[PDB]
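Here is how names work: the chains are called A, B, and so on, in the same order as the sequence lines, proteins then strands, and each is numbered from 1.
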Amino acid sequence: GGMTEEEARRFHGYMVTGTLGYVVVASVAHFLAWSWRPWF
Amino acid sequence: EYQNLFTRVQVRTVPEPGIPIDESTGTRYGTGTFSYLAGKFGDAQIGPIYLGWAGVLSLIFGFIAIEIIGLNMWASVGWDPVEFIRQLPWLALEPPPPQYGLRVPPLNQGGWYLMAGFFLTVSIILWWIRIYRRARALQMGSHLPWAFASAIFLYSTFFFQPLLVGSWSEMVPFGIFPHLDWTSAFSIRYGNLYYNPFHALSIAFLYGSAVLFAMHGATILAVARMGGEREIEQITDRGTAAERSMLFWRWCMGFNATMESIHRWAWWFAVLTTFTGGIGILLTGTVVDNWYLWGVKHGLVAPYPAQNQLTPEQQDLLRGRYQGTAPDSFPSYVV
Amino acid sequence: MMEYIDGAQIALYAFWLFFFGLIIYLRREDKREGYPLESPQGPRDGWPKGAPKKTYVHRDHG
Amino acid sequence: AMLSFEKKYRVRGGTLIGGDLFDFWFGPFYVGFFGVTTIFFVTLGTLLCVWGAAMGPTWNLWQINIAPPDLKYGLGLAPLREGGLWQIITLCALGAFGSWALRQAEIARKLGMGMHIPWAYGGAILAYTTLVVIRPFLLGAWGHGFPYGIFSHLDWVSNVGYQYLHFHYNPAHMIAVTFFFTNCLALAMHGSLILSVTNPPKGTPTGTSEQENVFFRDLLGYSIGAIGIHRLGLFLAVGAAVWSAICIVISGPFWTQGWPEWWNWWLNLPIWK
Amino acid sequence: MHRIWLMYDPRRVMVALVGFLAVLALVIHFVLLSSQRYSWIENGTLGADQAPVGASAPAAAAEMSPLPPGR
Amino acid sequence: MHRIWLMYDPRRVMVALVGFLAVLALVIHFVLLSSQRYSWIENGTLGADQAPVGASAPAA
Amino acid sequence: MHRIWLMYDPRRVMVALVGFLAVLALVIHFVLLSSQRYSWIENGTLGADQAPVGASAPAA
Amino acid sequence: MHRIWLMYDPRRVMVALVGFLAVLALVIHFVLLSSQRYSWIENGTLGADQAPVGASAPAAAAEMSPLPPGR
Amino acid sequence: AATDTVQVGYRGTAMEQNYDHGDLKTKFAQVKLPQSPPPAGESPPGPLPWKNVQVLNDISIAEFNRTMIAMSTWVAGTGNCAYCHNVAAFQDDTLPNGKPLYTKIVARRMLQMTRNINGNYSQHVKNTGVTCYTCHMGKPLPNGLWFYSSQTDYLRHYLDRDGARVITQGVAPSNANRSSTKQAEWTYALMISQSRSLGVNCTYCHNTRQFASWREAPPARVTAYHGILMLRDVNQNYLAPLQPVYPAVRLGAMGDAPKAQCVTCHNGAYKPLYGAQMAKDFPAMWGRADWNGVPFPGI
Amino acid sequence: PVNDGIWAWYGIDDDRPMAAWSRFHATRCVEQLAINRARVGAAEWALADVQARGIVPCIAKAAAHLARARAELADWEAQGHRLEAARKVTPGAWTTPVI
Ligand SMILES: CCCCCCCCCCCCCC(=O)OC[C@H](COP(=O)(O)OCC(O)COP(=O)(O)OC[C@@H](COC(=O)CCCCCCCCCCCCC)OC(=O)CCCCCCCCCCCCC)OC(=O)CCCCCCCCCCCCC
Ligand SMILES: CCCCCCCCCCCCCC(=O)OC[C@H](COP(=O)(O)OCC(O)COP(=O)(O)OC[C@@H](COC(=O)CCCCCCCCCCCCC)OC(=O)CCCCCCCCCCCCC)OC(=O)CCCCCCCCCCCCC
Ligand code: BCL
Ligand SMILES: CC[C@H]1c2cc3[nH]c4c(c3C)C(=O)[C@H](C(=O)OC)c4c3nc(cc4[nH]c(cc(n2)[C@@H]1C)c(C(C)=O)c4C)[C@@H](C)[C@@H]3CCC(=O)OC/C=C(\C)CCC[C@H](C)CCC[C@H](C)CCCC(C)C
Ligand SMILES: *[C@H]1O[C@H](CO)[C@@H](O[C@@H]2O[C@@H](C)[C@H](O)[C@@H](O)[C@H]2O)[C@H](O)[C@@H]1O[C@H]1O[C@H](C(=O)O)[C@@H](O[C@H]2O[C@H](CO)[C@@H](O)[C@H](O)[C@H]2NC(C)=O)[C@H](OC(C)=O)[C@H]1OC(C)=O
Ligand SMILES: *[C@H]1O[C@H](CO)[C@@H](O[C@@H]2O[C@@H](C)[C@H](O)[C@@H](O)[C@H]2O)[C@H](O)[C@@H]1O[C@H]1O[C@H](C(=O)O)[C@@H](O[C@H]2O[C@H](CO)[C@@H](O)[C@H](O)[C@H]2NC(C)=O)[C@H](OC(C)=O)[C@H]1OC(C)=O
Ligand SMILES: CC(C)=CCC/C(C)=C/CC/C(C)=C/CC/C(C)=C/CC/C(C)=C/CC/C(C)=C/CC/C(C)=C/CC/C(C)=C/CC1=C(C)C(=O)c2ccccc2C1=O
Ligand SMILES: COC(C)(C)C/C=C/C(C)=C/C=C/C(C=O)=C/C=C/C(C)=C/C=C/C=C(C)/C=C/C=C(\C)CC/C=C(C)/C=C/C=C(\C)C(=O)O
Ligand SMILES: COC(C)(C)C/C=C/C(C)=C/C=C/C(C)=C/C=C/C(C)=C/C=C\C=C(C)\C=C\C=C(C)\C=C\C=C(C)\C=C\CC(C)(C)OC
Ligand SMILES: CCCCCCCCCCCCO[C@@H]1O[C@H](CO)[C@@H](O[C@H]2O[C@H](CO)[C@@H](O)[C@H](O)[C@H]2O)[C@H](O)[C@H]1O
Ligand SMILES: [Fe+3]
C-alpha cells in the first residue's frame with residue numbers, strides 16, 4: 001500500500017496534536033488529583 | 001531427517017469443503033475460513049458447524065447451567081468483580097446440606113446447585129443426541145456416540161451414587177479447586193480409594209490410553225513419509241507403510257495389530273477408563289464403605305511393622321466420636 | 001450369610017470374564033492381515049484363529 | 001513364524017552396535033545386541049524380584065513389597081536385605097528400559113522408519129528416571145524412591161501426595177492431569193472416527209477422509225486432518241509424562257510447603273493485592 | 001519526524017497505541033483502587049490529612065517494653 | 001476529521017466501541033455495588049450523611 | 001556509525017527497543033511497589049527519615 | 001586473531017553477544033537482590049559496617065533441635 | 001536450596017518430613033538469639049510475708065521473687081513490674097484510681113492455667129512443659145488468638161465441639177457411620193491447620209493409606225490427641241471465662257475472649273521453641289510434685 | 001518473512017529495497033535472482049503444458065501465475081541494478097557484478 005510524504009506530513013500533524021491534547025487533559029487530571037490528595 | 005512435526009508448506013483452496021456432505025434437515029452455520037496457525041500443526045480450515053434441534057436446545061440448557069454457576073460464584077464474593085477474577089478457582093456453587101437427604105433444599109443452600117445440575121445433565125443428553133444424529137446423517141458408524149456414552153456413564157454416577165447413599169450433599173461442587181477438595185475428601189471418607197479395584201482398573205486403562213496413543217501417534221508419524229497417515233487407504237488398500245508398522249511392533253514385542261484393529265484397541269482402552277470408573281463409584285458407600293479394609297479382607301494390603309502400639313485403656317481413650325452438627329450458639333463461659 | 005463373597009468381588013470377576021473375552025475378540029481382529037503365518041512347518045494361525053480378511057466396497061460417485 | 005509379507009523385509013543392517021553378529025530373529029522377535037542386553041537385565045531383575053518376594057513375608061502377588069533403604073544410608077548402597085536389593089533391581093530396570101529403547105531404534109532403522117517410537121518411549125523412561133534417580137538424588141538419598149510392589153507403591157504415592165497436604169494444588173500436576181484426560185478424550189474420538197468410516201452400517205459404502213474431516217469439524221469447530229490428530233495424540237500422551245516428571249521433581253527438591261500456599265503469588269498480583 | 005509514518009502503517013500504530021493506553025489506564029486505576037490511601041470509592045470523601053498513610057519506620061529504639069491499655 | 005473513517009472501517013470500530021463501553025459500564029456498576037458506600041440495592045435509601053465511609057488514618 | 005541502519009532494518013529495531021524499554025520499566029516499578037521502602041502509593045508522603053529501612057546487622 | 005570472524009555473520013554475532021550480556025546482568029542483579037547483605041532496595045542506605053554479614057557460627061541450647069526426631 | 005528430610009515411618013512408605021534448609025536455619029536462629037535466660041535460684045528459710053498471694057503459696061520467698069522477674073521478662077520485658085502492679089503497693093489488685101489492674105488479675109489466672117497445663121496434661125507436654133514464654137514470647141499478646149465468627153469454624157474443635165471421625169471401622173456401610181463427604185472436607189480443613197501449626201505434613205501423625213489407623217501411625221498422633229483435650233480445658237475453663245476481665249479492645253466482635261489453638265504454643269515448629277526446656281528451672285509453675293525426678297522445693 | 005524468518009525479530013532483513021552498497025543485501029539478491037529466474041522458467045513451462053492439453057480455466061490460472069512470477073522476478077532485477085550501481089561507486093565492494 002501507498003503512503004506519500006505529504007500524507008505522512010498531514011498524518012503527523014494530527015498524531016502530534018492529538019497526543020499533546022491528551023497529555024494536556026491528563027495534566028489537568030493530575031492537577032485535580034494532587035489538590036485532592038497528594039501522593040508525596 | 002525430517003520429523004514431520006510441523007508443516008512448512010500449506011496450500012489454500014479458494015472454493016472449499018465445509019459445505020457439508022449431503023446432510024438433509026438442520027442448517028450449516030457460518031462460512032468456512034483458514035487459520036494459518038491451525039495449518040501449521042493440523043488442517044487449516046476453521047469452519048461451519050451443525051446444530052439442528054438437539055444442538056440448539058443443548059446450548060440453551062447448557063448456557064443456563066453455566067449462568068447459574070457463575071452468578072452464584074459471583075454472588076459468593078458479594079458481586080465484587082475484582083474478587084470474582086482474583087478468587088475464581090476457589091469459588092463454588094455447593095451442594096445441599098446433608099440433613100435434607102433427597103428432599104428439595106433452600107434456594108441459597110443447594111437449590112441453585114440442583115437446578116444447575118439438572119440443566120447441565122439435560123444439556124449433556126441433548127448433546128449426545130446431537131452427535132448420534134450427526135453420525136447417522138453423515139452415513140457413519142455409531143462408535144463415537146457410544147464412546148461418549150461411556151463418559152456420560154461416569155458423569156451420571158456423580159448423581160446415582162449420591163442417590164443410592166441417600167443425600168444430595170454428597171454430590172460434586174461446581175468449582176475448580178472445590179471439586180478437587182471433594183475428590184480428596186471422597187477418598188478420605190471411604191477409606192482410601194486406591195484400594196478400590198475398579199479405581200485401580202480405571203487407572204490401568206487411563207495409563208494404557210496414554211501408552212497406546214503415544215505408540216500409535218509415533219508409529220503413524222514414523223511411516224507418514226510413506227503415506228501411513230492415509231489410514232483409510234492403508235486399511236482398504238494395504239501399503240508398505242502398514243506392513244512396516246505391523247512388522248515394527250511384531251519384531252519389538254512379538255505381536256501386532258492391524259491398521260484397522262489398532263483403532264479398536266484405542267477405542268476400548270478409552271471407553272473402559274470411564275466404564276470401570278463408574279462401577280467403582282457406584283460400589284462406593286453402597287457395597288463397600290472402607291476400601292482399605294476391603295483390601296485387607298481380600299489380601300491387597302502389604303504388611304508393615306507397627307509404628308505404634310496401643311494399650312487397652314488407650315484403645316478406649318483414643319476412640320473419638322463421629323463428627324456431628326456444628327454449634328448453633330456462641331456460649332458465654334463467665335459462670 | 002456369605003462372609004467372604006461380597007458384591008465388589010462378584011462385580012470384579014464379572015469384569016475379568018468380560019475383559020478376557022474382549023482380548024480374545026481384539027486378537028481375532030488383529031489377524032485379518034498377514035495371516036496365516038508362513039513357517040518351515042507350513043501355515044500357522046496362532047491362537048485365537050484370526051477373523052477372515054475383509055473386503056471393502058467403494059462408492060459409485062456423485 | 002512370519003507374516004505372509006514379512007520375509008522380504010528381514011534384511012541385515014540398521015544395527016547400532018553389534019553389526020551382523022546378533023542380527024537375527026527368534027520367533028517373531030528381533031534380537032540384536034540390545035535384545036541380548038534386554039534379556040540379561042530382564043532376567044536378572046526379575047529373578048532378584050522373585051528373591052525379594054522369597055525373603056519377604058508372603059507370596060501373595062498384591063502384597064509382595066521390595067522397599068528402598070532407609071534415608072540414613074544417603075547415596076550409598078544399603079545392605080541387600082535393607083534396601084540394597086531394591087537398588088540392584090533399580091539398576092537392572094534402568095538397564096532394561098534403556099536397552100528396550102535402543103533395540104527399538106535398531107528395528108526402526110532396519111524398516112526405514114522415523115525414530116519417533118524410541119523417543120516417545122523416552123518420555124516414560126524420563127518419568128521413571130525422575131522418580132528413582134533424579135528426585136532421590138536431589139533429595140540426597142536413594143530411599144526416596146518408590147517401593148516395588150503392586151499396592152505398596154500406591155501407599156508411597158498416597159504418602160508423597162499428603163507430604164504436601166493437598167497435592168491437587170500442585171500446578172504442574174494440574175497440567176499433567178489435564179494432558180492425561182485430554183489424551184483419553186482424543187484417543188476415543190480418533191478411534192471412533194476411523195472405525196465409523198471403515199465400519200459404516202450394513203449396506204453403506206466405505207467412508208472417506210472427507211467424511212471424518214466433516215464430522216470432526218462440527219465436533220470441535222475446526223478440522224485437524226490425518227497427520228494433525230497423530231501429532232496431537234503424540235503431543236498429549238508424551239506431554240502428560242513430561243509434565244508428570246516436572247510435577248514430582250518440583251515437589252520436595254524445589255518446593256517444601258503445602259501446595260495450596262504456593263498460589264499466594266496469584267492473590268498478590270499488584271492489580272488486586 | 002513525520003517520516004516515521006512512512007516507515008509504519010498508521011492503521012497499525014494507532015490501534016497499538018490505543019490498546020496500550022487503555023490497558024495502562026486500567027492497571028493504574030486498579031492498582032490505586034486496591035491500595036488503602038487511594039481506595040477512593042470507599043474513602044474518597046476524606047480530607048488529605050485524614051487519608052491513610054503507610055506506617056513509618058519504628059520509634060527509633062525499635063524495641064518493646066509496654067504499658068497496658070486502660071481497663 | 002471525518003476522514004478518520006476512511007483509514008478505519010467504521011463497521012469494525014463501532015463493534016469494538018460498543019463492546020468496550022458495555023464491559024466497562026458493567027465493571028464500574030459491580031465495583032460500586034460491591035463497595036460499602038455504594039451498595040445501593042441494600043442501602044440506596046440511606047441519606048448521604050448516613051452512608052458508610054471507609055476508615056481514616058488512626059490519628060484522625 | 002549510521003551505517004548500522006544498512007546492516008539492520010530500522011523499522012524492526014525500533015519496535016524491539018520500544019518493547020524492551022516498556023518491559024524493563026514495568027518490572028522496575030513493580031519491584032519497587034512491592035518493597036517496603038518504596039511502596040510509594042501507600043507511604044509516598046513520608047519523609048526520607050521516616051521511610052522504612054531493611055534491618056541492619058546487630059553488630060555483636 | 002581477527003580471522004575468527006570469517007566464519008560468522010557479524011549481525012548475528014552482535015545479537016548473540018547482547019543476549020548473553022543481558023541474561024548475565026539480570027542473573028547477577030537478582031542474586032544480589034535476593035541476598036541479605038546486598039538487598040539494596042530495602043537496605044541500601046545502611047553503612048558498610050551496619051550492613052548484614054553472614055554468621056561466623058550458629059548456636060543452640062543442647063536440648064533444642066531444628067529438625068524433629070526420627071530414624 | 002538444599003532440603004533436609006526426617007524419616008518418620010517404615011522404609012519405602014514415604015512417611016517423611018521435608019524442610020528447606022535455609023528457611024529452617026533462619027527460623028531456628030530467630031529463636032536462639034531472643035531466648036530469655038533464667039536466674040540461678042537459692043534456698044532460704046522463713047515464713048511468707050505476702051498480703052494478697054493466692055496461687056504461689058507454696059514456694060520460698062526467694063523463689064517467688066525469682067518467678068516475678070521471669071514473669072516480667074516473659075510477658076512484659078525484663079524488670080517491667082509496672083505492667084502488672086501498682087508498684088507502690090504490689091499487693092493491690094487496683095490502681096490508686098480504684099480501677100482494677102486487669103493484667104494482674106489475668107496473670108493470676110494464667111499462673112493457675114500454667115500449673116494446670118504442666119500438671120494435668122503431662123501426657124502432652126511431658127518434661128518439656130510450658131512457661132509464660134511459650135505463648136507470650138516476651139510480648140503481651142500470644143500468636144493464634146481466635147474469636148467466634150461462624151458456626152462451622154473448625155477452631156471450635158478446641159472449645160465446645162467434640163467429634164472429628166468420619167471413617168467407617170468396617171468393610172460394609174452401616175448405620176454406625178453416616179458421615180457426609182462434607183464432614184470429611186471439614187476434618188481435612190482442620191487437619192491442614194494442625195499440620196501448618198507444627199510445620200509438619202500429614203505423614204507426621206498418619207500413614208495416609210489409612211488415616212484412621214493408630215497402629216500404622218507414628219506415636220505423635222497420640223500426643224496430638226491429648227493436645228486437643230488440653231486446649232478444650234484451657235479454652236473452656238481459663239481463657240474464655242476471662243471475658244469480663246479484659247478491656248473491650250481485647251474482646252472479639254461477639255464480645256468473646258481471645259482463645260488459643262495449637263499454633264499459640266507451637267508457632268510453626270514441631271515442639272514449642274524447638275523443645276527448649278524451661279519449665280524445669282521454675283518450680284513455681286510445675287503443678288507437679290517432681291519434675292523428672294527433681295522434687296518440688298516446697299517451703 | 002520467509003528468508004530471514006526469526007532473525008527479522010532482531011531486525012536482520014536482507015530482502016528490503018536497498019540503494020547503498022551492502023554485501024548482505026547483494027548476497028540475498030544474487031540468491032533470489034537465480035531462484036526467481038528458475039521459477040519464471042517453470043511457470044512458463046507449466047503454461048505451455050496446460051495450453052497443449054487445452055483446459056481453459058487452467059490456462060487462465062497458469063498465465064496469471066506466470067505474470068506474478070515475472071513481476072516478482074522484476075523486483076529482484078530492480079534490486080540488482082540498484083546494488084550494481086552502488087557497487088561501482090563504493091570502495092571495497094565486490095569485484096564480481098550483481099546481476
Ligand atoms: C489389567 C489391564 C491389563 C491391560 C493390558 C492388556 C494386554 C493385552 C495384550 C497382551 C496379550 C496378547 C499377547 C499376544 O497375543 O501375543 C501373541 C501370542 C502368540 O501370537 P500368535 O500370532 O497367536 O501365534 C504365533 C505362533 O503361531 C507362531 O509364532 P512362533 O512359532 O514364531 O513362536 C512361538 C510362540 C509360542 O507362543 C508363546 O510362547 C506364548 C507366550 C505367552 C503368550 C501370552 C500368555 C499370557 C500373557 C503373558 C503371561 C506371562 C507374563 C509374565 O511364541 C510367541 O508367539 C511369543 C510372542 C508373543 C509374546 C506375548 C507377550 C505378552 C506379554 C503380556 C504381558 C501382560 C502383563 C499383564 O498370543 C498367544 O500366545 C495367545 C494369546 C491369547 C490372548 C491372551 C488373552 C487370553 C485370555 C484368557 C482366555 C482363556 C485362556 C487362553
Ligand atoms: C494362566 C493363564 C495365562 C498364562 C498361560 C501360560 C501358559 C500358556 C500355554 C499355552 C500357550 C500357547 C501359545 C501358542 O502357541 O498358541 C498357538 C498354539 C498353536 O498355534 P499354531 O499357529 O498352530 O502353532 C503355533 C506354535 O507356536 C505352536 O507350537 P508348536 O506346535 O509349533 O510347537 C510345539 C509346542 C510344544 O509342545 C509340546 O512339545 C507338546 C508335546 C506333547 C506330546 C506328548 C509328550 C508325552 C508326555 C505328555 C504328558 C503330559 C502330561 C504330563 O509349542 C510350544 O512350545 C508352546 C510354548 C508356549 C509357552 C508359553 C509360555 C508362557 C509365557 C510366560 C512364561 C514365564 C512366566 C510364567 O496353540 C493353540 O492354538 C491352542 C490354544 C492355546 C491357548 C488356549 C489354551 C490355554 C491353556 C490354559 C487354559 C487356562 C487358561 C486360564
Ligand atoms: C485423594 C484423591 C484420590 C482419588 C479420587 C478419585 C475420585 C473420587 C474419582 C477418581 C477417578 C479417577 N481417578 Mg483417582 N484418586 C486418587 C488417585 C489417582 C491417581 C494417582 C496417580 O494417584 C490417578 C492416575 C487417578 C486416576 C483416576 C481416573 C482413572 C479416574 C477418572 C477417569 C476419567 O476419565 O475421569 C475424567 C472423566 C470424567 C469426569 C467424565 C466427564 C464426562 C462428562 C459428560 C463431561 C461433561 C462436560 C460438560 C459438558 C461441560 C461442563 C462445563 C462446566 C459446568 C463449566 N486417581 C486418590 C486415591 N479418583 C474417578 C473414578 O472413576 O473413580 C473410580 C472418580 O470419580
Ligand atoms: C472415553 C472417556 C473420555 C471422554 C470421551 C468423550 N468426551 C466427549 C466425547 C467423547 C468420545 C464426545 O464426542 C463429546 C464431544 O462433543 O467432544 C467434542 C465429549 C465431550 N467431553 C467434554 C468434556 C470432558 N470430557 C472429559 C473426559 C472424557 N471424555 C474421558 C477422558 C472431561 C474431564 C476429564 O473432566 C471433560 C470436561 C465436552 C467438551 C464434550 C461434551 C460437550 C457437551 O455436552 O456440551 C454441552 C453444552 C454445554 C455445557 C453448554 C455450552 C454453552 C455455550 C458456551 C453457550 C454459548 C451461547 C449460546 C449460543 C446460546 C444459545 C442460543 C441459541 C439460539 C443457539
Ligand atoms: C450454645 O448451644 C449449642 C446447642 O446446644 C451448643 O452446641 C452443642 O455442643 C456441641 C458439642 C455440638 O457441636 C452442637 O451440635 C451442640 O450439641 C453450644 O456449645 C452452646 O452451648 C451452650 O448453650 C447450650 C444450649 O443448648 O443452650 C447449653 O446446653 C445445655 O442447656 C440447654 C438449655 O439452655 C439444654 O437444653 C441442654 O441439654 C444442655 N446441654 C448440656 C450438655 O448441658 C450449654 O450448656 C452446657 C453445660 O453445655 C451451653 O454451653 C456453655 C459452655 O455455656
Ligand atoms: C484499688 O481499689 C481497691 C479496693 O478494693 C483497694 O484495695 C484495698 O486494699 C487491699 C489490700 C484490700 O484487700 C482491699 O479490700 C481494699 O481495702 C486498692 O488498694 C486500690 O485502692 C484505691 O482505690 C480504692 C477504691 O476502692 O476506690 C480506694 O479506697 C476507697 O475505699 C476505702 C473503703 O473500702 C476507703 O478507705 C478509701 O478512702 C476510699 N478511697 C477513695 C479514693 O475512694 C483507695 O483509697 C485509699 C485511701 O486507699 C485507693 O488507694 C489510694 C492510694 O487512694
Ligand atoms: C525374558 C525371557 C527369559 C525371554 C525368553 C524369550 C527370548 C529368549 C527372547 C529373545 C528375544 C527378545 C529380546 C524378546 C523380548 C522378550 C520380551 C521382554 C517381551 C515382552 C514384550 C512386551 C513388552 C509385552 C507387553 C505387551 C503390552 C501389554 C503392551 C501394551 C500396549 C498394547 C496393549 C498393545 C496392543 C496393541 C498393539 C498390538 C499395538 C502396536 C501397534 C501400534 C501402536 C500401531 O500404531 C500400529 C499401526 C498399524 C499397524 C499395526 C500397529 C500395531 O501393531
Ligand atoms: C503504577 O505502577 C505502574 C503502572 C507500573 C507505573 C507505570 C509505569 C510505566 C512504565 C508507565 C509508562 C507510561 C508511558 C510510557 O511511554 C506512557 C506513554 C503514553 C503515550 C505516548 C501516549 C500517547 C497518546 C496519544 C494519543 C492518545 C493520540 C491520539 C491521536 C488523535 C486523537 C489523532 C486523531 C487523528 C488521526 C489519527 C488522523 C486521521 C487522518 C486524517 C484526518 C487524514 O488522513 O486526513
Ligand atoms: C454474566 O455471566 C457470567 C459472567 C456470570 C458468566 C460466567 C460464568 C463463569 C465464570 C462460570 C464458571 C464456571 C466454573 C469455573 C465451573 C467449574 C465447574 C467444575 C470444575 C465442575 C466439576 C465437577 C462437577 C460435577 C461432577 C457435577 C455433577 C452434577 C450432577 C451430575 C448433577 C445432577 C443433577 C440432577 C440430575 C438434578 C436433577 C433435578 C431434581 C429435581 C431431580 O433433583 C435431584
Ligand atoms: C485525544 C483527546 C483529545 C485531545 C484534544 C485534541 C484537540 C487538540 C487541539 C486541536 C487543535 C487543532 O489542531 C490542528 O487541526 C488541524 C486541522 O484543523 C490539523 O491540520 C492538519 O490537517 C490539515 C488538513 O485537514 C492540513 O492542512 C495540515 O497541514 C495538518 O496539520 C493540525 O495538524 C492540528 O494542529
Ligand atoms: Fe490412527
Side-chain angles (χ1 to χ4, degrees), chain B residues 5 17 20-21 38 41-43 45-47 49-50 82 86 134-135 138-141 143-144 147 180 184 194 206 209-210 212-214 216-224 229-232 235-236 243-244 246-248 250-252 254 260 263-264 266-267 270-271 273 299-303, chain D residues 3 5-6 9 28-30 57 60 62-63 65 104 107-108 111 113-114 116-117 120 149 151-152 154 158 168 180 183-184 187-188 190-192 194-200 204 206-211 214-215 217-218 221-228 230-231 233-234 237-238 240 267 272:
Chain B
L5 294 171
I21 303 308
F41 306 115
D43 171 33
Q45 184 169 348
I46 307 194
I49 307 179
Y50 153 87
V82 179
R86 187 173 84 102
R134 188 50 167 183
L138 295 176
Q139 304 208 286
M140 306 175 96
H143 303 272
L144 185 71
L180 306 187
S184 289
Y194 285 121
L206 179 70
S209 302
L212 282 176
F213 217 171
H216 179 60
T219 300
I220 295 302
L221 298 193
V223 296
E229 90 304 342
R230 306 230 305 267
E231 287 185 305
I232 297 162
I235 288 162
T236 61
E243 292 176 359
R244 293 165 197 241
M246 294 169 70
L247 292 172
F248 178 97
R250 189 170 193 74
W251 293 352
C252 187
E260 194 200 2
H263 298 92
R264 301 187 184 279
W267 195 91
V271 160
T273 299
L300 282 62
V301 175
Chain D
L3 300 169
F5 57 79
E6 175 171 359
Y9 291 91
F29 298 101
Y30 180 69
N60 181 303
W62 317 121
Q63 297 184 47
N65 173 37
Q104 287 186 149
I107 292 164
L111 290 167
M113 293 168 64
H116 294 273
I117 303 164
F151 282 84
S152 70
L154 311 196
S158 189
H168 281 141
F180 271 106
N183 179 76
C184 190
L187 186 68
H190 179 51
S192 299
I194 295 296
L195 296 173
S196 76
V197 296
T198 53
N199 303 270
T204 311
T206 290
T208 58
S209 47
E210 288 88 312
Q211 287 155 279
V214 169
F215 196 12
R217 193 176 300 120
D218 63 46
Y222 76 108
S223 43
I224 196 169
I227 197 75
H230 296 90
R231 289 172 183 167
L234 182 60
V238 176
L267 300 180
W272 60 35

Side chain to side chain contact (heavy atoms under 4.5 Å, CB included), paired with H116(D), selected from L5(B), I220(B), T219(B), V223(B)
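Only one of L5(B), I220(B), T219(B), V223(B) forms a side chain to side chain contact (heavy atoms under 4.5 Å, CB included) with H116(D), namely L5(B).
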
Residue selection (most heavy-atom pairs with chain B, distance under 4.5 Å) from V214(D), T204(D), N199(D)
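Result: the option with the highest number of such pairs is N199(D).
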
Distance, nearest 0.5 Å, that separates [atom1] of [X] from [atom2] of [Y]:
X: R231(D); Y: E229(B); atom1: CZ; atom2: CD; answer: 9.5 Å
X: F215(D); Y: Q139(B); atom1: CZ; atom2: CD; answer: 13.5 Å
X: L187(D); Y: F213(B); atom1: CG; atom2: CZ; answer: 5.5 Å
X: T208(D); Y: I21(B); atom1: OG1; atom2: CD1; answer: 6.0 Å

Could you look at [X] and say if it's the side chain, the backbone, both or neither that has a heavy atom under 4.5 Å from chain B?
X: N183(D); answer: both
X: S223(D); answer: both
X: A120(D); answer: side chain

Is it the side chain or the backbone of [X] that comes within 4.5 Å of chain D heavy atoms, both, or neither?
X: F248(B); answer: both
X: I235(B); answer: side chain
X: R264(B); answer: both
X: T273(B); answer: side chain
X: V301(B); answer: backbone

Over all atoms of both residues, closest heavy-atom pair of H230(D) and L221(B)
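Closest pair (atom of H230(D), atom of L221(B), distance): CB-CD2, 4.1 Å.
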
What's the shortest heavy-atom distance between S158(D) and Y194(B), and which atoms?
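Shortest heavy-atom separation between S158(D) and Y194(B) comes out as CB-CE1, 3.6 Å.
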
Take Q45(B) and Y222(D) through the side-chain hydrogen bond (donor to acceptor under 3.5 Å, both in side chains) test and state the conclusion after the steps.
CA-CA 6 Å; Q45(B) 184 169 348; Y222(D) 76 108; over 6 Å; no

